[PDB]
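*Asks:* Positions 1957 to 2104, 2120 to 2269, 2286 to 2751 (the entry's author numbering) are the ones given, in order, by the sequence shown.
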Amino acid sequence: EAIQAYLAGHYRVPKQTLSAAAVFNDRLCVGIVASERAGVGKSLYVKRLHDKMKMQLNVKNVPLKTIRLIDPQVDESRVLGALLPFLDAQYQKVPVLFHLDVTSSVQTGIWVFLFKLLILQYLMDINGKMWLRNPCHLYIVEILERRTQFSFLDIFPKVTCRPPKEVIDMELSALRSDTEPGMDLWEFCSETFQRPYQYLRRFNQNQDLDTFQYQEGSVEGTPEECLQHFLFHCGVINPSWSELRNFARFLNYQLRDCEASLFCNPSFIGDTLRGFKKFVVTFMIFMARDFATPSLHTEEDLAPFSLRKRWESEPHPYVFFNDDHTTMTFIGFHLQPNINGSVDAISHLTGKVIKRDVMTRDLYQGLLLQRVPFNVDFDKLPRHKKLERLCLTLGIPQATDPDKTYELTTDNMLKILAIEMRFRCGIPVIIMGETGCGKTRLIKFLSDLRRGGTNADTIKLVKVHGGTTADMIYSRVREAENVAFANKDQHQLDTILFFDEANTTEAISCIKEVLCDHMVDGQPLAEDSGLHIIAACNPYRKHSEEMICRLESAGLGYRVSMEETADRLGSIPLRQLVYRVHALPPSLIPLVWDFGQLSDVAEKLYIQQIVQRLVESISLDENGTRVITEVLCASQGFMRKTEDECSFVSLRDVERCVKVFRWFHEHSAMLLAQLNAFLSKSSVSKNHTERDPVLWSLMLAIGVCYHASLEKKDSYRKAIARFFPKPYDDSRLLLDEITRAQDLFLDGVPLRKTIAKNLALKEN
Ligand SMILES: Nc1ncnc2c1ncn2[C@@H]1O[C@H](COP(=O)(O)OP(=O)(O)OP(=O)(O)O)[C@@H](O)[C@H]1O
Ligand SMILES: [Mg+2]
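(1) In chain order, what residues place their C-beta within less than 7 Å of a heavy atom belonging to ligand 2?
(2) Considering residue 2055, what are the terminal residues of the beta strand (DSSP E) in which it resides?
(3) Please report the residue range of the alpha helix (DSSP H) in which residue 2406 lies.
(4) Decide if residue 2474 is buried, meaning its Cβ has at least 16 other Cβ atoms within 10 Å, or exposed.
(5) To the nearest angstrom, report how far apart residue 2591 and residue 2063 are at their CA atoms.
(6) Would you kindly work out how many angstroms separate the C-alpha atoms of residue 2415 and residue 2409, rounded to a whole number?
(7) Under the three-state reduction of DSSP, which class applies to residue 2522: helix, strand or coil?
(8) Quick one: give me the first and last residue of the beta strand (DSSP E) that residue 2600 is part of.
(9) For residue 2012, is the classification buried or exposed, using 16 other Cβ atoms within 10 angstroms of its Cβ as the cut-off for buried?
(10) What first and last residue would you give for the alpha helix (DSSP H) that runs through residue 2033?
(11) Specify the secondary structure class of residue 2267 as computed by DSSP and reduced to three states.
(12) What do you get for residue 2141, buried or exposed, if any count of 16 or more other CB atoms within 10 angstroms of its CB means buried?
(13) Residue 2589: which of 2602, 2610, 2620 and 2562 sits nearest, CA to CA?
(14) Less than 8 Å between the CB atoms is what I'm expecting for residue 2054 and residue 2021, so what's the real figure, rounded?
(15) Roughly how far, in whole angstroms, is the beta-carbon of residue 2069 from the beta-carbon of residue 2032, given that I think they are within contact range, below 8 Å?
(16) Just checking my contact of residue 1974 with residue 2091 at CB under 8 Å: how many whole Å lie between their CB atoms?
(17) Mind the definition here: the stretch 2252-2265 touches the stretch 2206-2225 only if three or more C-beta pairs lie below 8 Å; say whether that holds.
(18) At which residue ranges does the stretch 2143-2183 contain complete beta strand (DSSP E) runs of 3 or more residues, listed in the order of the chain?
(19) Whole-angstrom Cβ separation of residue 2494 and residue 2460, contact assumed at under 8 Å?
(20) Assuming residue 2129 is part of the beta strand (DSSP E), what are its boundary residues?
(21) Comparing the CB of residue 2153 with every heavy atom of ligand 1, is any distance shorter than 7 Å?
(22) By how many angstroms is the C-alpha of residue 2245 removed from the C-alpha of residue 2254?
(23) With 16 other CB atoms within 10 Å as the buried threshold, where does residue 2641 fall?
(24) If distances are taken between C-alpha atoms only, which option among 2655, 2348, 2716 and 2622 comes closest to residue 2696?
(25) Nearest-angstrom Cα distance between residue 2750 and residue 2729?
(26) Could you tell me which of 2499, 2659 and 2698 sits nearest to residue 2533, measuring between CA atoms?
(27) For residue 2427 and residue 2231, I'd like the C-alpha separation in whole angstroms.
(28) Pull up the distance between the alpha-carbon of residue 2583 and that of residue 2561, whole angstroms please.
(29) Ignoring anything shorter than 3 residues or poking outside the stretch 2640-2668, list the beta strand (DSSP E) runs there in chain order.
(30) Once DSSP output is grouped into helix, strand and coil, what is the label at residue 2358?
(31) Return the chain-ordered list of same chain residues with a C-beta closer than 8 Å to the C-beta of residue 2355, the five sequence neighbours on each side being excluded.
(32) Which residue comes first and which comes last in the beta strand (DSSP E) that contains residue 1991?
(33) Considering only residues of the stretch 2357-2393, which uninterrupted alpha helix (DSSP H) runs meet the minimum length of 4 residues and lie entirely inside it, listed in chain order?
(34) At the level of alpha carbons, what is the spacing between residue 1971 and residue 1984?
(35) Here's the rule I'm using: 16 or more other beta-carbon atoms within 10 Å means buried, otherwise exposed. How should residue 2134 be labelled?
(36) Excluding the five sequence neighbours on either side, which residues of its own chain have a C-beta within less than 8 Å of the C-beta of residue 2181, listed in chain order?
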């Protein structure tokens, strides 16, 4: 208390000196907004305080500078360089709110930097440019609680934001102080859809529980019961503010589209339409579970980064409203009438009931009499009809297919619909999936479908390296904004920026900035620009223990002990994860959802497409196509089954093995001529037989892309030979052919007399 009072007394500004501290508590020109959770309001305060600065300070403009630090070791030269443009005399006497945001990524140097800036009032570098604090600029520092006698953070004035439960728990009565913010009185714009009030308090149907007319435009409740009605149907137990915001936004959009067409005053539409509003409210609150509830869990550090709601888990209802204002879109439930005058919702194919009494027999007959797209199954439908249906649901009225190779299953359609729905709501879309999981193909197909026929670049997929700094990300996002403005002006198209491998950088908080805050380096993103931003993350998975032991036992190992390595995601070294990813921002975890799992049928289809993309250059046979497809599929099956020598397999290995096979086939004539000459040079008699170029090329390509990098080569050969034609299915023959090829390749150099010809030198 003594330290807190000392710093409060020394941080106070005199009443006569004009300062920006007039908005903060009792004229203190130092602030610390902090909380233990993520996404609870730390920055709808530094915005509200700016909002209350303009109308309360009688100044034409009050400069706002947002400085965000993302380097794990906090760099003070960056902060000094950011503050230097605000050092000229013009800003030396005007109020300047300075907001400094320290991200979760930062770990070392926070306390020293805070003691250097807030207390020591200075910042200095080697060059000599000093920056001195003035008691006229607010210095609010927004920080996540670095929970581990007191931390070096309570000595400053603090405004602890609270999730939206502790607001309803501790603040039972709306005292509304400046230390514990509650429901913002401004935040009744999209949270005002308190139709929950009506269908809940009016439980019985006949009392006009949802009536024949409800709308929005003015408030009708108190800002302490909205937060309670949004907690009963939220689904999440202890939501943050950026978990109720998304749930309210989705419900607002869907009820807004509900009060659209087919919600009017016809003569004999159903003559009652009883329960239609009840159906909408109940069923879309049910389907909000897919869009609001987190998918990740609530090998120590990988526990939060472990998927629980995989795409193959509980189904997805996904009702849409066909923004052309004509019909609905029932895509994922196939409702079935219950025995006792009710109707329930089942799975797409299983038929298991997922929810009960969603909708009633009377309105069932009313809807079927209205010819709604109900009980339609996209699994067995023509491609033309499927594309027309999904194009109508998506909004564009055209029908030109942008591709034919890309199949359209029900699970692959409910995945495009998810992204489109999150785009039209406002929820940022971030997907978790392995390399070659089909996310990039789906995004490209959706972008081309949006394009239709225009030659516009509505896709800007950015492969984000491990060495992508903040400057590159900011430059790319502003370039994408400019291109989105251009495409919205010329051809009126919605551009898509795509950050592949989002979580593989030391600066990931920048992507969180771009996605959640809609703010680039501090400057807000231009609203209503048509730019939609997607992120894709690599899964958090550890190697198998035997594979780690094998990697450590390869040569001389790491130069020093394994434990002391600096590259750590918590405790696990980055050398033990399949993808060398970094820690996700805590305000991005609720958003992440599993893209899905590649199915064996889909994998076979992709392999068949790849091999058919080879005939036009090689003129392969049907037998050749079949043998190549089977060999490659079984090769990935083996590599995915061997967890000791191959952590993960990808579809991008077939497009490399087929490339090597193509090279070998195109050189096969001269290769086989030289091999025959070399064998003739040997003492072996004329035992050479016919060598099929297709087989002699696949036999050797799998001996490079799959076989010669393993340790259990014999098992691979014995599990792969059975897919070869009849006169060639021998593991001994596989090894013999590979050895003959290596012997031929080695012969052709002037190797010295006393140089060993091992199986290692030839292989190398
Ligand atoms: N009463 C409220 N207090 C705080 N936020 C609210 C409130 N009502 C609605 N919200 C919404 O909650 C969201 C919280 O987002 P905000 O930017 O405040 O999170 P944050 O504190 O910046 O978290 P982080 O810094 O970890 O991203 C805001 O975008 C705001 O629109
Ligand atoms: Mg923030």
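No residue lacks a Cβ here, since even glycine has one placed at the ideal position from N, Cα and C.
*Replies:* Looking at the coordinates:
(1) 1998, 1999, 2057, 2098 and 2504
(2) DSSP places residue 2055 inside the beta strand (DSSP E), whose first and last residues are 2053-2058.
(3) Where residue 2406 is concerned, the enclosing alpha helix (DSSP H) stretches over 2397-2412.
(4) buried
(5) A straight line joining the alpha-carbon of residue 2591 with that of residue 2063 spans about 46 Å.
(6) 7 Å
(7) The answer is strand: DSSP assigns residue 2522 an E or B state.
(8) Run containing residue 2600: none; DSSP gives neither H nor E here.
(9) exposed
(10) 2032-2039
(11) strand
(12) exposed
(13) 2620
(14) 5 Å
(15) 6 Å
(16) About 10 Å; that fails the 8 Å criterion.
(17) Because the criterion of three Cβ pairs below 8 Å is met, the stretch 2252-2265 and the stretch 2206-2225 touch.
(18) none
(19) 7 Å
(20) 2129-2131
(21) Checking every heavy atom of ligand 1 against the Cβ of residue 2153, one is found closer than 7 Å.
(22) 15 Å
(23) Residue 2641 should be labelled buried.
(24) 2622
(25) 7 Å
(26) 2698
(27) Going by the C-alpha atoms only, they are around 34 Å apart.
(28) Near 25 Å, if we compare the C-alpha coordinates of residue 2561 and residue 2583.
(29) none
(30) coil
(31) Its chain contains 2361 as the residues whose beta carbon lies nearer than 8 Å to that of residue 2355, once the 5 sequence neighbours on both sides are disregarded; these appear in chain order.
(32) 1987-1991
(33) Qualifying alpha helix (DSSP H) stretches, in chain order: 2370-2381.
(34) Rounded to the nearest angstrom, the two C-alpha atoms are 11 Å apart.
(35) Answer is buried; the Cβ neighbour count reaches 16.
(36) 2166, 2169, 2170, 2173, 2248, 2249 and 2252
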